[PDB]
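Survey of secondary and tertiary structure
Now for the letters of each chain:
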There are 2 protein chains.
Amino acid sequence: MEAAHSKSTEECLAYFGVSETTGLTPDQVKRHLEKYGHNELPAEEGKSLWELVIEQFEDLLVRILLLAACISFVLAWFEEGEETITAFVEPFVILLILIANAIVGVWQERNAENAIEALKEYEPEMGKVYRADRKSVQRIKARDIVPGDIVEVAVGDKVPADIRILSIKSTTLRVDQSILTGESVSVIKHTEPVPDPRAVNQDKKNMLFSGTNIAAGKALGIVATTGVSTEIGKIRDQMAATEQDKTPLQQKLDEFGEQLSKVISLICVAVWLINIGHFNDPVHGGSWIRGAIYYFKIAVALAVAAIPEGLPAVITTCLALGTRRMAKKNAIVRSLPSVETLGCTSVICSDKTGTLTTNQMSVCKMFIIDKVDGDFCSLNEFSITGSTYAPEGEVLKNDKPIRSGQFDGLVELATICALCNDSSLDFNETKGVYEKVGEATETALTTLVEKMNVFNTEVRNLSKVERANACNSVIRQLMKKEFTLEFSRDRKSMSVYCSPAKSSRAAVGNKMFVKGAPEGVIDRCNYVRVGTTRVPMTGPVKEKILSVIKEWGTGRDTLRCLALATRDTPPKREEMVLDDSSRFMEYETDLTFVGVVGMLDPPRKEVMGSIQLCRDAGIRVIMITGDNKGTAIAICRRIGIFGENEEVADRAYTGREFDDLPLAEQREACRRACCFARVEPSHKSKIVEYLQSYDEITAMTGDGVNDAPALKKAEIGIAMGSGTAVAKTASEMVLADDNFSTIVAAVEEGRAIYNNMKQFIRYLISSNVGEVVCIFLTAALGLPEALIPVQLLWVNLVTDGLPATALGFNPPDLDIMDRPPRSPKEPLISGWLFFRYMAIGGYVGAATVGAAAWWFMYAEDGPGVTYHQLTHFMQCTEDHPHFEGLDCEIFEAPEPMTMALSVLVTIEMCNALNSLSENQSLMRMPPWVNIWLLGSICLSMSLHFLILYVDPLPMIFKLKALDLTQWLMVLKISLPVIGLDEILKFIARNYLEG
Amino acid sequence: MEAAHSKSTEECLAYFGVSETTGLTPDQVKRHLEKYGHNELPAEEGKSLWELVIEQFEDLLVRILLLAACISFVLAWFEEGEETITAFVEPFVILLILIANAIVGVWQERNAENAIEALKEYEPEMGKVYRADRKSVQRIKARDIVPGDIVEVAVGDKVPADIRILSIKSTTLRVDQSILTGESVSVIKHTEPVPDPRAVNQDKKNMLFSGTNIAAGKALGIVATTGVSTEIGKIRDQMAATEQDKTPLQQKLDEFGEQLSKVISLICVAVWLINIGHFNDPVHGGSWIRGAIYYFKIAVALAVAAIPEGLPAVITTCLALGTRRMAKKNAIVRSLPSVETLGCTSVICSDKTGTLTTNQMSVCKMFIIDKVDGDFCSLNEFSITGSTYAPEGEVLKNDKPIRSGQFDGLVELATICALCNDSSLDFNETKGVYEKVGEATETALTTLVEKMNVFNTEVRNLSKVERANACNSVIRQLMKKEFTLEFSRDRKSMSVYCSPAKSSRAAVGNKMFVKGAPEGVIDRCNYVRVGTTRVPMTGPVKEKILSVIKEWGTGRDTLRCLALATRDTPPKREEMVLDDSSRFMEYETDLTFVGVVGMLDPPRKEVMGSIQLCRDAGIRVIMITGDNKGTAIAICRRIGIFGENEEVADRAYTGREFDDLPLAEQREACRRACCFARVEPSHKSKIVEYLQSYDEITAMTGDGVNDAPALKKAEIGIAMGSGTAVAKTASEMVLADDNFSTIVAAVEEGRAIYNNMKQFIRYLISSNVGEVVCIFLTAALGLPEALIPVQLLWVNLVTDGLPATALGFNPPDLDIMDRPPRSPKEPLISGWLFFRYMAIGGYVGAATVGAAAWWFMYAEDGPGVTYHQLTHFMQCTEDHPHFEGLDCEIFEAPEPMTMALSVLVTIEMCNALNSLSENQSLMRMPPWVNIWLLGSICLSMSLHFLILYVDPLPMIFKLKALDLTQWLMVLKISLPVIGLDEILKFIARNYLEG
Ligand SMILES: Nc1ncnc2c1ncn2[C@@H]1O[C@H](COP(=O)(O)OP(=O)(O)CP(=O)(O)O)[C@@H](O)[C@H]1O
Ligand SMILES: [Ca+2]
Ligand SMILES: [Ca+2]
Ligand SMILES: [Ca+2]
Ligand SMILES: [Ca+2]
Ligand SMILES: [Mg+2]
Ligand SMILES: [Mg+2]
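Conventions we followed
Residues numbered from 1 in each chain as written, not as in the entry; some residues may be left out. Chains lettered and ligands numbered in written order. Heavy atoms only, no water. Donors = N, O, S within 2.8 Å, 3.2 Å for Na, K, Ca; no water. Buried < 20%, exposed > 50% of the residue type's maximum accessible area, 1.4 Å probe, protein only. Near = heavy atom within 4 Å. Polar contact = N/O pair within 3.5 Å; in protein donor to acceptor, adjacent residues only side chain to side chain. Areas by Shrake-Rupley, 256 points an atom, 1.4 Å probe, with all protein chains shown as cover. Helix = DSSP H or I, 4+ residues; strand = E, 2+ residues; numbered from the N terminus. Nonpolar A, V, L, I, M, F, W, Y, C, P; charged D, E, K, R; others polar. Contact = heavy atoms within 4.5 Å. UniProt positions renumbered as here; feature names shortened; annotations may be inferred.

- Structure determination for this PDB entry is given in the record as X-ray crystallography, at a resolution of 2.90 Å.

**As for the coordination of the calcium ion (ligand 4)**
All names here are of chain B.
- Distances from the calcium ion (ligand 4) to its protein donors, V304 (O), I307 (O), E309 (OE), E309 (OE), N796 (OD1) and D800 (OD), fall within 2.4 to 3.1 Å.
- The calcium ion (ligand 5) is placed at 5.8 Å from the calcium ion (ligand 4), the two being bridged by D800.
- Here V304 falls in the buried class, since its relative accessible area comes to 1%.
- The class for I307 is buried, based on a relative accessible area of 4%.

**Describing the coordination of the magnesium ion (ligand 7)**
Residues and elements named next belong to chain B.
- In this structure, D351 (OD), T353 (O) and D703 (OD) serve as the protein donors to the magnesium ion (ligand 7), at separations of 2.1 to 2.4 Å.
- Between consecutive donors of the magnesium ion (ligand 7), the numbers of intervening residues give the motif D-x1-T-x349-D.
- Note on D351: relative accessible area 4%, which makes it buried.

**Here's the deal with the site of ligand 1**
Residue and element names in this part refer to chain A.
- Close to ligand 1 lie 20 residues, the nearest being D351, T353, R489, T625 and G626.
- Separating an oxygen atom of ligand 1 from a side-chain N or O atom of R560 is a distance of 3.1 Å.
- Coverage of ligand 1 by the protein amounts to 93% of the 610 Å² it exposes when considered alone.
- Among the elements of the structure, α12 (352–356), β19 (493–500), β20 (511–516) and β23 (560–567) are those that each provide at least two residues to the shell around ligand 1.
- Its residues placed into classes, the shell around ligand 1 shows four nonpolar, six polar and ten charged.

**Some words on the side chain of A:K684**
- Considering the arrangement of structural elements, one finds A:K684 in helix α24 (residues 681–692).
- If we ignore the near neighbours within four places in the chain, the residues touching A:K684 are A:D351, A:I624, A:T625, A:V679, A:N706, A:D707 and A:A710.

**Notes on the UniProt feature "binding site: Ca(2+) 2" in chain A**
All names here are of chain A.
- When the UniProt feature table is mapped onto this chain, "binding site: Ca(2+) 2" is found at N768, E771, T799, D800 and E908. A maximum C-alpha distance of 11.4 Å places the annotated residues, which cover 141 residues in sequence, within one compact spot.
- Tracing the backbone shows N768 in helix α27 (residues 741–768).
- Among the polar contacts made by the side chain of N768, one reaches the main-chain carbonyl oxygen of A306 at a distance of 2.6 Å.

Below, the structure written as structure tokens:
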């Protein structure tokens, strides 16, 4: 099909030869599948094959080093004779460390996307359609939909393909197509054709586009185009871009990155200044131009050696790692930030029905009026069996099976349940079980009437597929549904207008069948039905009705109740304006009470514990629901939000009560109350907002469209896998598994990701500081050069490389989930931390000069012995008195440097073992806890010993192998770094906190 | 200059304005240096920058794998859907192992060349020239030579630059220019000009080319062109190629390489056959075309996994390593083969003077006749002091200084020493010491006459440079040297024809001054001089002369003696034909004995011990010399070839005696005698040849041109750094240091290089055999596939990679130099070794299937348990009776394979620790003896664990991580391999040999 919007409903039906009531024929479906293919887009597998790489080279930090590489390379072509080699290496020593991370990053990034792309591929999308195959609407894989068969869609649904609306089954049909037309607000639809054949999507008010969601109403329509031919299948990634952005934790880490950049840039040009008097030295001999370039090169080298190059990548790796960890737990992270944000979560507002509960409804109790004797009132309670949606169960009166049809009140009760109901039931031949089609609460009523079989219909001689709606169909034949006043949360009810079909009930007139929240309906009832008679509603009757609702509500089964009534004398079909659902409550008045039903909706098993763990991590869990406060509190006690016998008269409200409080008190009640009932979708959001006026990190968990607002308002929205699409769209994460627990685990990961980020910045700084206080302490005490360009670049590639990145793989502390959430305002780096940095950064920098000196001084069997004369080292050229006579060129020996460069590397590797935690002992948290860290160290070490024992290298690096004794001197001066930190930890642990 | 050959001697002198007697002026030299630069070629530093790499890819073996990579890559583009990844990896897994060696090889190769190129650069070449600067010929760095100054050259010398012969100072001047004209035989030169301006080098019989050596005679000439303008400086590597060849050990290893290639190629196509019935299996499902390609791929995989790819490189690395080790000991290896060959050395024929001794001559004793009273004869012995060439010492008679000039006989003795002498003395201002110019024996005589000062010449008022030849010059003024009958080893003497200058001695006639080996000269003496008188030679006089020669000869000082005589009435200058030196002995007849001189030439200090160590290694050391048998045996006792009081009457010969023996006895005496004296250069070679008729590996060590033949004939020639160029040219190695010991060390290295080669072939085969007996034992017992293509290629890259190459770095056994040399005929692989191979190769191959089965069977907490049912594994598809019911697809689990592939890798690494020796216990020779091997293992292991724990990998490699318990199962079945070999070693060690 094409330009389907231009033609009319008949033309479209005509064009495909289909009855909008029957649907395609199994044969037609077979053919169309061949003529149009499956309703699916080309597998958009993990792309960005090369882009990912180039992405690694974007941050400022990596740019700098990437620039230094060019400089070091230009100076290479301008370096002559005897050391051109040691010049062409420097750049590659910078380029390498950079490339080593570009891979770990692009690799982690790859695995992430895949795991996620694989979790989506899991549970296939379904669609509701009408086909000759069956009389009732059936479910099917969305990919099997073909242009032609009749499709049904309702509030909350994801439009499966481009549909030409044929009929609107409600007063209004609003749609959310921002994903296409870009317009945020939900647009209204109609069936009227749009004549302009070249009209824009925003003008086709009689079309529904694949990918958009139904914001309101219900509608039936004919599929115009599917697969790639869809309005959105064309604007696909293959023919349209997308969008990106940087996480908040990253916004704070880039602000910190540059902050370091500036500092580093200063303490570097400072070196170039504190050495202007050396441009004219024998070591250079050449002009001040040749002597400057050297110290200039040392500056850049110190820069590179200081810049935390792996920060921009370690963050990407931790995030990707988080994403991947969630996927392994069946959680789709629609936004990287999510994981981090969930760590600072203090409050988690969760929806009840469908979220904290399973939303597998089943009417197991119900009653109608028996006798009304003035002051005395009796009810006719019943019990129904069968917990699933299967139409297999018995109606019991006093524990004994009875013919529901026997009771008049029960016949009406079923008439209402069947008629004022927008859902249905469909048997899944494959799984061999009846699945619902529509809302569980409504479907529960559908199976109910199937069980009651009030008109004693032959059901034994029927198939699984036919037994599903049989009884229901029968009742649909007795009355004609003129129209329905769709359910709306302000009214808390739904209605349906009916006219008698034949002349059996014709002598009675039109009727309106209502059902909604007990409180609302029972109040708009002036009559209570008794059998087939009617009597006025009285105090005593109202009394009985509610008391039993209360009983069932807060009972052991915490039943979700629904009232049913009828408008014996509805308004004149004309006097009613379906313009706005606000006028409907009036039409549902002067009603006659019929009966009540109670269904069970078991809370999810994993929820109780999750709430406990949430408590341990000092995270609050508030329940928000449209349901009854009684049953709402009941379930709260059942899941652990409330103690079995805890007084909650002050920690539980109903939107009514809440609104009754003055503004200031509402806000206040939000940080006190843990349960809100009979609350509207605007109240959910508001509650979340109040919780945010206290600068807290709020999470929202829901499944319905009445959770859309809240899920958006929150910092992080988590939606149920089996929930509406409209809820998923407004969520940062999706529990495909529907496992509530995963939310907890998502917080731990968020907490660990932050911790690792710290341990990394802690390592890189407490180490790189020594690499500076080593260059200045020497230019202060007067000692000779301790390191050269290539030398620095090397310590960098070995201390700021993989060993640092592997820090992003550090396990969470043994108590990361037993400490309250971190304030969103808490500073990235605490004062005590900066101390930790200078404390270590100072020792390591001094532990290096003390090594270069040690050789010169206390060198036992070590050559070149002397004492304190090092300060005046360029003076043996003219004035060498005390000088024993040892070559006046011993102040340029590789022995000293190579003796320090090793302590440096070595001590830094030791410092890495201190980054396995922040306050935990290296004895409580063994170094072997992060195998990836060890392997990173061993590799780093090996890579160093290699630079010392492979003939060509030691020369290029102006180094000289160390004695099997001099090394022990390093393991002597470096190893103690563990203690300095181990002790500081004991302080922040036992002294400060704890 | 140019076309210098076309012009005459005068024209050439004219062209540069130089006197062939004076030489260039310090000023002229300064200018010419600027106008022509230094006599040197462009620094031909280590080249072959890229060629070295491509060289790694030449051998057959690496070619094969290089082919498999192409195949595996072609099949990659033709593999579809679900495992294209596991297909594109295979090739890179082959390419990697190849590249990993190409580097270790090209790297080792690089270091080698450099070390050598650096050892050559060490001691600068010198040249003999005449310059106004000084009256006597002086020494100078050859690079300072400029076209123009007069240069001198003599037998043994290396021509410093392109010289235009000006004057031949001998009857003949033969030159060796093969290096240029290519003609092997030594060509005769002349002074006659060659008119053809475009003549070829082979026609310029009046030129000497830089780079060639003087085969005979002496000559003075003018430098025509130097530096790059030389006839050889043009044909340089930059404008001309070179040559190569493969070592014998390599010729035997390539014969063995292909031998394996054929076998491997068979046991591979065999696999492809023993699996034709599987091309039609469910595992493939596809046609026999799809099923074949698989088993075809497994074949190639087994091939690659079997081929010893690192053999062609490990050999190159050991050799290069040898070369490098020798350089570190100041030994220039002019041929890689050398080091290996020196290991099989059984006999080392070494020259005495200059080789076993220092050749720093100094006349410290001398005598002339005192009185001849018929039957009584007395001598006038003297003693001279001063061991160096400095003209500082005293002549003592009865321990008291005397005026040599006092004795007439001593005046003649000095006349002769000064006149019949081709060498001179030159003072080196820099080193501040007198250096010889010419042969040490002759120069010894030069310093001698300086000491005697027979004409009492004012020497006190002279400079160091002038004091050098003063007295000598004076005597040169008394007689005119008409011509000289150059020394020739058949005669064992030298002669000079002189005429009186003025009319002081004119009333006597012409004279001939002879000096040579005592035996020869004394026999051609009919008169003995007494003072200025002459008396006939008698028995008694002959008796005294020789007895004292004997005394001095075999004395504590083992003095090298020389006789001096004169021909009072020489033949008529015309009656003499200088055509051939064979006619000279006649001219030196009817002589008058004058006196004898004895010089000391101290044996090198390091020689004695070296001979001992040579003995321990069961290597013989024979001394060959032209010198006197008495003093020859004397020195032999002194250095250890002979015991202080050992009877050698049967182990010492003189070329005369030797020739007296019948052929069969000469040959025999060669394997018995350890000392040959008064032997000619033809005898040296012959001796070496006889030693080779016994299929032994003979080494020749020399310094003179009389060693050229022998050094060539031998298997390996070793020349002294301070020896002639003609000797160096005919040598495979050069002891720049002159350290005799290095020869010993060169043998150890030769022995170790072979050993390592064995340990490598031993490892690669005893291991790769398991990788075959693992594939067949499974296709025999019926068990399921144990490995796949990518799986094999992996075991290869990790067991046949660096861990194998590092085997070329294995230290020598603790007794490699205490075992006799290996027979040249000994088979590369002994029978007992092939056993060792199958013994291990079998267990490892069976220890793999027993692991893949173990999981399937005795798997404790390990899943997929069963019993013996494995044989019938493709039958649960139709007939599964006893089958407990466990999935009929458990026979395709990764658990089993990944459980074996680990044992394989693991057990092979353990096998590497068995290759640290052949018979020594892993307890005597710790595994940590070869750090390079350990590091290779750790890397290999790490690289494996990585393929198991990095999510993407285990999938690509169809593997699945092992339990922290299943691994212990590997360390249980693999670790015992150490014992199998440890025990076999105990056998070949204690049982077999030992
Ligand atoms: N289709 C329908 N027709 C009539 N009444 C309905 C209805 N669906 C729900 N209701 C009633 O209206 C009250 C509120 O609906 P609302 O959607 O706000 O809350 P909820 O109880 O359905 C789900 P949650 O627990 O997720 O908030 C319900 O609790 C129920 O009693
Ligand atoms: Ca850095
Ligand atoms: Ca660092
Ligand atoms: Ca191999
Ligand atoms: Ca192997
Ligand atoms: Mg809900
Ligand atoms: Mg000699």
